[PDB]
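Here is the structure we will look at, set down as structure tokens.
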Amino acid sequence: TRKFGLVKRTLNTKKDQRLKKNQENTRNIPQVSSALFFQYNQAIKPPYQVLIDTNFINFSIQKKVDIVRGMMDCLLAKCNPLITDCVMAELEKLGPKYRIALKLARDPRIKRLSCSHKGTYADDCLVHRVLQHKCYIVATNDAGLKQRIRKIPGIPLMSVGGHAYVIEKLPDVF
Amino acid sequence: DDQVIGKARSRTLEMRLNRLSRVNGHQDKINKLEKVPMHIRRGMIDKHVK
Amino acid sequence: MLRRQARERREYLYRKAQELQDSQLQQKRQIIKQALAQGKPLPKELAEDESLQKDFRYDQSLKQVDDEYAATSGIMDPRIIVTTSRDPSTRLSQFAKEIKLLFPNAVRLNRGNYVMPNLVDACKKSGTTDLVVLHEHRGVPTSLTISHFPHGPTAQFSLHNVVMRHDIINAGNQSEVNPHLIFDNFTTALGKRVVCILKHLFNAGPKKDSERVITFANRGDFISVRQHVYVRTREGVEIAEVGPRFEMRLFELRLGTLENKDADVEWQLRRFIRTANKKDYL
Amino acid sequence: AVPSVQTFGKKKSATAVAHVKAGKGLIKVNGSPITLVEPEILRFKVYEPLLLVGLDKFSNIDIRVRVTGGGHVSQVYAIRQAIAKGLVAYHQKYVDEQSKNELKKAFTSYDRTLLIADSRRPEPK
Amino acid sequence: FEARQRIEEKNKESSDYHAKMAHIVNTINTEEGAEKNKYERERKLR
Amino acid sequence: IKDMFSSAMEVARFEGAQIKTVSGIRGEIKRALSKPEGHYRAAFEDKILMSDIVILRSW
Amino acid sequence: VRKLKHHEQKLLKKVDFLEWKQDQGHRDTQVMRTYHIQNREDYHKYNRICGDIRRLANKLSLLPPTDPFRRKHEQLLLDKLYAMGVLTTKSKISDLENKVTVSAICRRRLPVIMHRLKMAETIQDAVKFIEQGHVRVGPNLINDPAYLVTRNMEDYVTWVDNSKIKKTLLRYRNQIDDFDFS
Amino acid sequence: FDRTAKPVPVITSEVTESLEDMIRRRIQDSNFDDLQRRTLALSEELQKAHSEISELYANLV
Ligand SMILES: [Mg+2]
Ligand SMILES: [Zn+2]
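Chains as they are written, first to last, in the numbering used here: chain D, 1 to 174; chain F, 1 to 50; chain L, 1 to 282; chain Z, 1 to 125; chain W, 1 to 46; chain V, 1 to 59; chain X, 1 to 182; chain A, 1 to 61.
Printed below as a string of structure tokens:
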């Protein structure tokens, strides 16, 4: 009556609990914007607020366009430039050869705003803000960032060209 | 190629296919270097360069 | 026993499946053979691979009669049993006798009160290589089914322009020497299949001076069989025809035994297709 | 439980099922007593096992026979084989082995088709 | 006999047609394409 | 097929030919029967129904 | 033993009381579990036979390719293994090198053959049946549960007559034939 | 109209003579097919390796 086919009480790896590699074992849908049409972006009216990035500052100084006047040149109306603390740190960690561009980009006409994230992947900080609030316009010259904020709906992108600036998606430049 | 026998033959075959794949492959999957922990590999390369 | 044949057919089918999925592998190994034979660029997939370039020692050490016949091609001379359809007719009886005489190692079986599975299993129990079953219409022979027994293949031919030997002439008796064979104009892999089944249907290993010839010629997808005796003259070697003549034509081909009716069809004559008149062998 | 036993009998293409259980000493074949099998010249051939052995051993049991398929003589040989193997099985299961053996000896000495059938498979040369 | 002759003829004519069409389209293919890519090689350089 | 032809030798004059049904399936006309007078037999590539209709293109 | 916290973990990276480097994934245990076998010694002896086969294939590789010794010997070994039952496909001598597993031998074992032929229901139950003595190989029965069986006896494995198992089977099909007292 | 099949060939005199001259040509070439019965030092270190592998092989079998 001793139970037939008994076996030594071994240790599983596919079932047990004390293995650290075996220890690891209401939907959400973000809505589309009230301030976004199909593609019109009904919200933005002048004045505008722009976000400046490291590539934008670089090509700005390499083509000699002063910041605020070049912005008025591009946009034909009133606009305010903003940089984020992550972007400032990005220029800083680029460092000693571009310190003149740093001393330029720090100017008390540029009202810097503060971020709260680990890491300084300024691409991530930018795109998280712009999918967060849909009212900034974004100036840069990175190709990948250009493609991404092209993929997003209803956000005008702004880059350099020749000796002036240009914008991509804005339905009212003129 | 017939009187070759054993370890010699194995290393020859490896080197032949190595070049014949290196001429058109991606260099990573051509020569993936085999794994070894860091201090022992660095000790080996130190002794060899010495 | 019957279980042994069952799992035999199982293992044969599995080896066929593995053969299919290893064809391409055989191609890649042949390509690598050629590359090592002459140093050249090696192309993309096999170049990037690691398992092939690792296991190619045994593979380099690696490296034709069809498989259903493969073990006993030219060792055990085959035995054939020829039997008649059902409640036979007398003209058919004479002609089936003539077929039994035409082949060597042949025995005849009248069939009344039999069933196909009982017959085929009894023949397998006895131990017999190859089987021939005849069907007729109104005296005229028209249909013939050949089977090879250890779950081998079957072929079904029609046959039309038959003349019995006695109704050629009241001549005499044949010699029944182990004959010879000639195969003309065979092209396709199907052609190789049918010459293989008929070669293993004949006797195996004939002499050097045997004096009976049996032909097989493809004349527009109608296999014409004749049979002649020859005696070698000095300048024009004379052939005397003897034995029946008839026009034979394939129409289907099964990979099982004839009792199955639902094995794997490895060929089947298409009739109502747009290009039926058009192709040869199709 | 009821001490019971079951057997089969088989000519060329017929089937004879035979239940054998303890009872009052009767026979039943297809819901009809065995004075009424049909062919009336082979009724004695059906009777053959009983008249071979005796009658008391069939006075203390109960048979129930049901046959399907086949033709006349085939059914008849089927019933006789079924009755034979059923009686032998009942004796083997519930009474003495010595009685089973003397039964088997008397049967097979008479005619072996009672205890084993021959399904006639041909002989090809 | 009529059957064999008519069908043999039809197969003959279908083969004829296919060969002729393949010839014409392949001639024009290779030659006119050689001209078109000669001009591509020039217009890239112009 | 029953009502395509009138006489047996007429059937045989057309024998061995290609015939499609209005359903769209193929077949061939082969031989003449005996006991009726115009009927012939044919083989299709699939089971015909009853309500079908057979036609024969000719020029 | 604590789910010990951050700093003490980053100090005690390499400690592990459960799985060591040397018991490579507890491979022996996992295969033992999948095929319900009884002794660690059974696993390790199957390991040794596998290892000797692979050293043979390695020296056969180290021989030059076109020797008829090499060809004939490797082909003969492939006959031996294909009739033995361990490896499936006779053609890839790579699969001589690379497919030969203790899993393959242990699945050629007896109870896996029962689960193959759908005799028993699952493998542990098959081990119960072979231990209890209801299943015979040809003319004699088996009590050592760890029987190896080639193809030519896979053909003859069956249940023993006048077992209550065969009784239940033919009773459900309504075909117990108690002249044989099956 | 549109026919569908190759009718069965009427064997005639000239076809038989074509076949005759085929068989006779193959006779006077004497090339006819059949299935004939299936029929059936080196180096120091190589003999060393053969010896070792053969001993090991026998032990393994
Ligand atoms: Mg960047
Ligand atoms: Zn930031």
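Cβ atoms here follow ideal geometry from the backbone N, Cα and C, with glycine treated the same way.
Subject >> Bridge partner(s) assigned by DSSP for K20/V >> reply: Counting from one through the sixth sequence, the residue named residue 20/V turns up at place 20. When DSSP reads this structure, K20/V sits in a beta bridge with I55/V.
Subject >> Chain-order list of residues whose beta-carbon lies under 7 Å from that of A240/L (same chain, five-residue window excluded) >> reply: Counted from its first residue, the third sequence places residue 240/L at position 240. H228 and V229.
Subject >> Closer than 8 Å to chain A by CB, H44/X >> reply: Residue 44/X sits at position 44 when you count from the first residue of the seventh sequence. No, its Cβ sits nowhere closer than 8 Å to a Cβ of chain A.
Original post:
Would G38/V count as contacting chain A if we go by Cβ distances under 8 Å?
Top reply: To locate residue 38/V, count along the sixth sequence from 1; it is residue 38. For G38/V, the answer is no, since every Cβ of chain A falls outside 8 Å of its Cβ.
**OP:** Would you mind reading off the limits of the beta strand (DSSP E) that contains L35/A?
**Re:** Translated into positions along the eighth sequence, residue 35/A becomes position 35. Run containing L35/A: none; DSSP gives neither H nor E here.
Subject >> 8 Å contact criterion, which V22/V and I1/V should meet: CB distance rounded >> reply: Along the sixth sequence, read from residue 1 onward, the residue named residue 22/V stands at position 22. Along the sixth sequence, read from residue 1 onward, the residue named residue 1/V stands at position 1. Not a contact, Cβ separation roughly 13 Å.
Original post:
Is any beta-carbon of chain A found at less than 8 Å from that of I24/W?
Top reply: Indexing the fifth sequence from 1 puts residue 24/W at position 24. Not an interface residue.
Original post:
Interface residues of chain L around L20/F at Cβ under 7 Å?
Top reply: In the second sequence, counting from the first residue as 1, residue 20/F sits at position 20. Neighbours of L20/F on chain L, chain order: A35, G39 and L42.
**OP:** Tell me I75/L's beta-bridge partners as DSSP assigns them.
**Re:** As a first step, residue 75/L must be located in the third sequence, where it is residue number 75. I75/L pairs with nothing; no bridge assigned.
**OP:** Measuring only between beta-carbons, confirm whether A58/A sits less than 8 Å from chain X.
**Re:** Counted from its first residue, the eighth sequence places residue 58/A at position 58. So no, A58/A is outside the interface.
Original post:
Under a Cβ-count criterion, where at least 16 other Cβ atoms within 10 Å of its own Cβ denotes burial, should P30/D be classed as buried or exposed?
Top reply: Residue mapping note: residue 30/D aligns to position 30 of the first sequence, counting from 1. In summary, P30/D is exposed, with fewer than 16 beta-carbon neighbours lying within 10 Å of its beta-carbon over all protein chains present.
Subject >> chain F contacts from the stretch 34-61 of chain A (Cβ-Cβ distance under 7 Å) >> reply: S43, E45, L46 and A49
Original post:
Are the CB atoms of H160/L and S85/L nearer to each other than 8 Å?
Top reply: Position 160 of the third sequence, counted from the first residue, corresponds to residue 160/L. Position 85 of the third sequence, counted from the first residue, corresponds to residue 85/L. Not closer than 8 Å, so no.
Original post:
Would a C-beta distance cut-off of 8 Å place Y58/L and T188/L closer than the cut-off?
Top reply: To locate residue 58/L, count along the third sequence from 1; it is residue 58. To locate residue 188/L, count along the third sequence from 1; it is residue 188. Taking 8 Å as the Cβ cut-off, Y58/L and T188/L do not qualify as a contacting pair.
**OP:** Please name the residues in the stretch 2-31 of chain A whose beta-carbon is closer than 9 Å to at least one beta-carbon of chain V, in chain order.
**Re:** Residues of the stretch 2-31 of chain A with a C-beta atom less than 9 Å from some C-beta of chain V are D2, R3, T4, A5 and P7, listed in chain order.
**OP:** Can you check DSSP and say which residues form a bridge with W159/X?
**Re:** As a first step, residue 159/X is located in the seventh sequence; it is residue number 159 there, counting from the start. DSSP, once it has assigned bridges, lists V135/X as partnering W159/X.
Subject >> Host alpha helix (DSSP H) of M116/L (start-end) >> reply: The residue you call residue 116/L lines up with position 116 of the third sequence. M116 to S126 is the span of the alpha helix (DSSP H), which, as asked, contains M116/L.
Original post:
Between the stretch 49-68 of chain D and the stretch 13-27 of chain D, are three or more C-beta pairs nearer than 8 Å?
Top reply: Too few Cβ pairs lie closer than 8 Å, so no.
**OP:** Return yes when the C-beta of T84/D is under 7 Å from any heavy atom of ligand 3, and no when it is not.
**Re:** What this structure holds is ligand 1 and ligand 2, not ligand 3.
Original post:
Within 8 Å (strictly less), CB to CB, does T101/X reach chain L?
Top reply: As a first step, residue 101/X is located in the seventh sequence; it is residue number 101 there, counting from the start. Chain L contact via Cβ: absent.
Original post:
Quick one: Cα of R10/L to Cα of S54/A, how far?
Top reply: Start at 1 with the first residue of the third sequence, and residue 10/L comes out as number 10. Start at 1 with the first residue of the eighth sequence, and residue 54/A comes out as number 54. Rounded to the nearest angstrom, the two C-alpha atoms are 35 Å apart.
**OP:** Check the Cβ-Cβ distances between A42/V and every residue of chain A, and say whether any is below 8 Å.
**Re:** The count along the sixth sequence starts at 1 and reaches residue 42/V at position 42. No, no contact with chain A.
**OP:** Could you have a look at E266/L and say whether DSSP puts it in helix, strand or coil?
**Re:** Working through the third sequence from its first residue, we reach residue 266/L at position 266. Correct three-state label for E266/L: strand.
Subject >> Rounded C-alpha distance that separates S60/D from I67/D >> reply: For the purposes of this step, residue 60/D is taken as the residue at position 60 of the first sequence. For the purposes of this step, residue 67/D is taken as the residue at position 67 of the first sequence. Roughly 8 Å separates the two Cα atoms.
Original post:
For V242/L versus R165/L, is the C-beta spacing smaller than 8 Å?
Top reply: Taking the third sequence and counting its residues from 1, one reaches residue 242/L at position 242. Taking the third sequence and counting its residues from 1, one reaches residue 165/L at position 165. In terms of Cβ geometry, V242/L and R165/L form a close pair [threshold 8 Å].
**OP:** Flag this pair as touching only if the stretch 86-100 of chain D and the stretch 117-131 of chain D have three or more C-beta atom pairs under 8 Å; answer yes or no.
**Re:** yes
Original post:
Taking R254/L as the reference, which of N277/L, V237/L, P153/L and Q64/L has the closest Cα?
Top reply: Residue numbering aside, residue 254/L sits at position 254 when the third sequence is read from its first letter. Checking every option, the nearest Cα to that of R254/L belongs to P153/L.
Original post:
Candidates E97/X, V160/X and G133/X: which alpha carbon is nearest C50/X's?
Top reply: What you label residue 50/X is simply residue 50 of the seventh sequence in a count that begins at 1. Checked all of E97/X, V160/X and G133/X; the closest Cα to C50/X is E97/X.
Subject >> Given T275/L as reference, the closest of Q18/V, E10/V and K30/V once Cα atoms are compared >> reply: For this step, residue 275/L is matched to residue 275 along the third sequence. Taking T275/L as reference, the option from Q18/V, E10/V and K30/V with the minimal CA-CA separation is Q18/V.
**OP:** Grab the span of the alpha helix (DSSP H) containing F222/L for me, first residue to last.
**Re:** The count along the third sequence starts at 1 and reaches residue 222/L at position 222. First-last for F222/L: undefined, no H or E at that position.
Original post:
Who are the neighbours of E48/L on chain F, taking C-beta pairs under 7 Å?
Top reply: Translated into the one-based positions of the third sequence, residue 48/L becomes position 48. Going along chain F in sequence order, the residues near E48/L (Cβ under 7 Å) are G25, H26 and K29.
Subject >> Residues bridged to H135/L [DSSP beta-bridge criterion] >> reply: One-based indexing of the third sequence puts residue 135/L at position 135. Its beta-bridge partners are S143/L.
Subject >> Anticipated Cβ contact below 8 Å, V127/X with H36/X, distance rounded >> reply: The count along the seventh sequence starts at 1 and reaches residue 127/X at position 127. The count along the seventh sequence starts at 1 and reaches residue 36/X at position 36. Right, the Cβ-Cβ distance comes to about 6 Å (below 8 Å), so this counts as a contact.
Subject >> DSSP-derived helix/strand/coil call for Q49/D >> reply: Within the first sequence, the letter at position 49 stands for residue 49/D. Strand at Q49/D.
Subject >> Residues within the stretch 1-24 of chain V neighbouring chain A, beta-carbon criterion of under 8 Å >> reply: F14, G16, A17 and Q18
Original post:
Cβ atoms of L87/X and residue 184/X: under 8 Å apart, would you say?
Top reply: This structure does not reach residue 184/X, given that chain X is present from 1 up to 182, and the question cannot be answered.
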